[PDB]
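1. Take these chains first, placed just as they are in the complex:
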Amino acid sequence: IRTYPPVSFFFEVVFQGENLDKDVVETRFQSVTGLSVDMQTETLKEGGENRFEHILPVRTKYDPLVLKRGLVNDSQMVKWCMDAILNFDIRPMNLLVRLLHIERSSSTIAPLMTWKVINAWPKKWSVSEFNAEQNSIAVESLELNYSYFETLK
Amino acid sequence: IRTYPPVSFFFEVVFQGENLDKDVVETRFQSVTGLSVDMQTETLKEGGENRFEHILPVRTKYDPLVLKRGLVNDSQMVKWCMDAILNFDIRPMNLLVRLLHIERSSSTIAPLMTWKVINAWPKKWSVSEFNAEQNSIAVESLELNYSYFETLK
């Protein structure tokens, strides 16, 4: 029975794709978010029943996936994205998102939780503001569409 | 394999235009922003498939480009902008945006990243508030429309 909850800052992302799963710089990210699902419904009122109304299920919606890094000047991933965006040529991929921990029985790094993200393709790309008077890092941000995600049980 | 990310405060802008590429004061800016692209889509639902919906690509949108300087009282660039704005006479130009670094093999200043911005023309011009009770600099700001941008690979 659990006594202590897990920690959020040890994680990884894997691209199961063209040949990006073996490229080391393609797994290192500063931030990952957007993993949430929502059910959308409608409301129906029945005459004579004044104590409650009926909520009926309609459809399912998912959030976009957002990744943030320091700027990498030569990236195969960015070539894939810009091929989709400039030449209207898209080729969706599959992804894995992992939450990691230390297991020992000496010790080893092992996955703790894994999600499969199915049919991802580019949505948005951006780079942060250049300012002559601030100490900052050039940070690039990518946003992706996908169909759904599942737990690797 | 990279260990340290690049820095954002060393940068430059070049106007590939009427004769502005050789004018020193036309390359010095306090701030540059607006370099981001977005894909706009629509949602389609298929009957019988209740696990996900289809996201279909529609069009591509770009952000305006924003430049900020201290006020220059005699500028050829501002003459170009005011000719566009007052006499409804526009002549689009091409631009380069550079992110710089130090390379050595002694040392030299060299470009690290370069973007080409195609068919830019004036959108907005402004100057900051005059206030008798504050220590401030007169700052002018210019905003431009363009068609798209590309990486100089």
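-> Happy to help now that I have it. Residues are numbered from 1 along each chain as shown, chains lettered A, B, ... in the order given.
2. can you tell me which residues contact the residue of chain A found nearest chain B?
-> Among all residues of chain A, residue A:70 sits closest to chain B, at 2.9 Å; criterion: C-beta to the nearest C-beta. For the C-beta atoms, the positions are set from N, CA and C on the backbone; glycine is no exception. The contact partners of residue A:70, by C-beta atoms under 8 Å, 6 or more residues apart in numbering or on different chains, come to A:30, A:137, A:138, A:139, A:140, B:5, B:6.
3. wait, the fifth one sits on residue A:127?
-> Going back to what we said before, that points to residue A:140. Yes: in this structure, residue A:140 is within contact of residue A:127 by C-beta atoms under 8 Å, at 5.1 Å.
4. Please name the residues that touch the residue nearest the centre of chain A.
-> Chain A has residue A:65 as the residue nearest its centroid, 3.7 Å off, counting by C-alpha atoms, centre = their mean. Residues in contact with residue A:65 (C-beta under 8 Å, 6+ apart) are A:32, A:33, A:34, A:35, A:95, A:117, A:120, A:143, A:144, A:146.
5. which element is the fifth one on?
-> I take that to be residue A:95. strand A:93-104 (DSSP states H and E).
6. packing partners for that strand?
-> In this structure, strand A:93-104 packs against strand A:11-16, strand A:107-127, with contacts taken as 3 or more C-beta pairs under 8 Å, 6 or more residues apart in numbering or on different chains; DSSP states H and E.
7. Residues contacting it, please?
-> Counting by C-beta under 8 Å, 6+ apart, A:6-8, A:10-18, A:32, A:35, A:65, A:108-121, A:146, A:149, A:152 sit against strand A:93-104.
8. mind listing what it pairs with, with the direction of each?
-> strand A:11-16 (antiparallel), strand A:107-127 (antiparallel) (DSSP bridges).
9. if we look at the sheet, which residues does the residue of chain A closest to chain B bridge to?
-> residue A:139.
10. so how far is residue A:127 from it?
-> For residue A:70, the distance to residue A:127 (C-beta to C-beta, to the nearest Å) stands at 11 Å.
11. Overlap in contacts, the two.
-> With contacts defined as C-beta under 8 Å, 6+ apart, the residues shared by residue A:70 and residue A:127 are A:138, A:139, A:140.
12. Of these - the most surrounded one?
-> Greatest neighbour count in these, by other C-beta atoms under 10 Å in any protein chain shown, goes to residue A:138: 22 neighbours.
13. returning to that earlier point: closest one of the contacts of residue A:70 to residue B:81?
-> Nearest to residue B:81 among those is residue A:138, at 28.5 Å by C-beta to C-beta.
14. Identify the residue nearest the closest one in space, chain neighbours excluded?
-> residue A:71 (4.1 Å; C-beta to C-beta, 6 or more residues apart in numbering or on different chains).
15. The following sequence is to be added as chain C:
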Amino acid sequence: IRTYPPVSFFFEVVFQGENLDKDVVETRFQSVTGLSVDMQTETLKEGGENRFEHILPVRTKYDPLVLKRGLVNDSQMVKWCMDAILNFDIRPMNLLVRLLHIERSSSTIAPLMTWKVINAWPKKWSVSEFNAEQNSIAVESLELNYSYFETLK
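-> Take a look at chain C, now in place beside the chains above:
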């Protein structure tokens, strides 16, 4: 070639009007703002070209001009404004806005930048809140409409 930018807190306003250009209290203001222009456009999509859309110029818009002073109990300018507002009798004027500096060749006060503001007439007039428990100055604020502004080159 410039090394230091200009300062914003030394400025002046002149009314080229009925006889207000010689009245000393009509040139002293605590704050002046509103000097900015904007181009409004529409978007057109061409079939077959999926890389960018066309932005087409439509019209030009200008911001109102806002002036702030400490309250002057007898002002010819305010008589002009209240004649416009109470008796629906308007008579537009021309204005100059100057940014000043010190020039020496001993020294003298001289204009550094000048804008002409054409066909101004009253838009709004206000006075600040009276409060028994605060140390404050009675401040009046005037807002004006105009056709356009130009640089006195």
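16. can you check the contacts of strand A:93-104 again with chain C included?
-> Contacts for strand A:93-104 (C-beta under 8 Å, 6+ apart): A:6-8, A:10-18, A:32, A:35, A:65, A:108-121, A:146, A:149, A:152.
17. how about a cut-off of 6 Å?
-> With C-beta atoms under 6 Å, 6 or more residues apart in numbering or on different chains as the test, strand A:93-104 has contacts from A:10-17, A:110-115, A:117-118, A:120.
18. Return the backbone torsion pair for the residue nearest to the centre of chain A.
-> Phi and psi for residue A:65, reported as degrees, to the nearest 10, are phi -100, psi 130.
19. just to revisit the earlier point, just the buried ones from the contacts of strand A:93-104, in ChimeraX syntax?
-> In ChimeraX syntax, the buried subset of these is picked out as below (16 or more other C-beta atoms under 10 Å in any protein chain shown):
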select /A:11,12,13,15,17,114,117,120
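20. Chain C contacts on chain A?
-> Counting by C-beta under 6 Å from any C-beta of the partner chain, chain A comes close to chain C at residue A:88.
21. Just want the residue of chain A that's nearest chain C.
-> Residue nearest to chain C within chain A: residue A:88 (4.5 Å; C-beta to the nearest C-beta).
22. The closest residue to that residue other than its chain neighbours: which element?
-> Nearest residue to residue A:88 in three dimensions, chain neighbours excluded: residue C:50, at 4.5 Å (C-beta to C-beta, 6+ apart). If you go by DSSP H and E, residue C:50 is not part of any helix or strand.
23. What of the one 10 residues further on?
-> The secondary structure element spanning residue C:60 is strand C:54-62 (assigned by DSSP H and E).
24. got the buried residues for that strand?
-> C:55, C:57, C:62.
25. right, and residue A:31 touches residue A:68 too?
-> Yes: between residue A:31 and residue A:68 there is a contact under C-beta atoms under 6 Å: 4.1 Å.
26. between the two, who's got more neighbours?
-> residue A:68 (16 against 11).
27. isn't the more buried one right up against residue A:140?
-> No: between residue A:68 and residue A:140 no contact is recorded; they are 7.4 Å apart, counting by C-beta under 6 Å.
28. got the phi/psi numbers for the residue of chain A positioned farthest from its centre?
-> When each C-alpha in chain A is compared with the mean C-alpha position (C-alpha atoms, centre = their mean), residue A:48 comes out farthest, at 46.7 Å. When read as degrees, to the nearest 10, the backbone of residue A:48 gives phi 90, psi -20.
29. try the one 5 residues further on
-> Comment: the main-chain dihedrals of residue A:53 come out as phi -110, psi 170, following degrees, to the nearest 10.
30. Quick check: chain neighbours aside, which residue is closest to it?
-> residue A:45 (5.0 Å).
31. residues near the one you found, how many?
-> Neighbour tally, residue A:45, other C-beta under 10 Å: 9.
32. what's the spacing between it and residue A:58?
-> 16 Å.
33. Only the buried residues of stretch A:94-111, if you could.
-> A:95, A:96, A:97, A:98, A:99, A:100.
34. and chain D, same structure:
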Amino acid sequence: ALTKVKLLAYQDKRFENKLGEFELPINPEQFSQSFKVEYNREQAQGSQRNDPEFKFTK
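-> With chain D added, the chains above now look like this:
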């Protein structure tokens, strides 16, 4: 290469003698096309439903 819409103008009703052509400077974003068929819808007395007869295509 980007292709453009063209309108060809003919004098012959068999479309053999070309008179000219016009090319659009900007392609349209979309267009629409419409179809229809015509049937006979008379019905017998006190009858449930019907089987319509074909008249023509417009």
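35. now that chain D has been added, could you go back to the contacts of strand A:93-104?
-> A:10-17, A:110-115, A:117-118, A:120.
36. Need the CA coordinates for it. PDB is fine.
-> Output in PDB follows, covering the C-alpha atoms of strand A:93-104 (Å, rounded to 0.1, in the frame of the first residue of the first chain):
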ATOM      1  CA  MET A  93       3.600   9.300 -36.500                       C
ATOM      2  CA  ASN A  94       3.200   7.400 -33.200                       C
ATOM      3  CA  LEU A  95       4.800   8.600 -29.900                       C
ATOM      4  CA  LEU A  96       5.600   7.300 -26.400                       C
ATOM      5  CA  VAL A  97       5.600   9.500 -23.300                       C
ATOM      6  CA  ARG A  98       7.400   7.900 -20.300                       C
ATOM      7  CA  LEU A  99       7.600   8.800 -16.600                       C
ATOM      8  CA  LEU A 100      10.800   7.300 -15.100                       C
ATOM      9  CA  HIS A 101      12.000   6.100 -11.700                       C
ATOM     10  CA  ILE A 102      14.800   4.200 -10.000                       C
ATOM     11  CA  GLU A 103      14.300   0.500  -9.400                       C
ATOM     12  CA  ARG A 104      16.600  -1.700  -7.500                       C
END
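37. follow-up on the earlier one: and the strand holding residue C:60, does that touch chain D?
-> No: counting by C-beta under 6 Å from any C-beta, chain D is not contacted by strand C:54-62; separation bottoms out at 7.6 Å.
38. how about the residues of chain D near chain B?
-> So chain D never meets chain B (C-beta under 6 Å from any C-beta).
39. interface residues of chain D facing chain C?
-> Contacts of chain D with chain C, taken as C-beta under 6 Å from any C-beta, map to D:2, D:26, D:27, D:28, D:29.
40. Now for the second one: which residues touch it?
-> Applying C-beta under 6 Å, 6+ apart, we find residue D:26 in contact with residue C:46.
41. ok, the nearest residue to residue A:20 once chain neighbours are set aside to residue A:109 distance?
-> Closest residue to residue A:20 apart from its sequence neighbours, by C-beta to C-beta, 6+ apart: residue A:26 at 5.0 Å. Separation of residue A:26 from residue A:109 (C-beta to C-beta): 18 Å.
42. mind listing the helices for chain D?
-> Under the criterion DSSP state H, chain D carries no helices.
43. ok and the residue in it nearest chain C?
-> For chain D, C-beta to the nearest C-beta, closest residue to chain C: residue D:27, 4.2 Å.
44. And the closest residue to residue A:16 other than its chain neighbours, how close does it get to chain D?
-> Counting by C-beta to C-beta, 6+ apart, residue A:16 lies nearest to residue A:94, which is 4.5 Å off, once chain neighbours are set aside. Distance of residue A:94 to chain D, computed by C-beta to the nearest C-beta, to the nearest Å: 34 Å.
45. for residue A:83, same thing?
-> Taking C-beta to the nearest C-beta, one finds residue A:83 at 19 Å from chain D.
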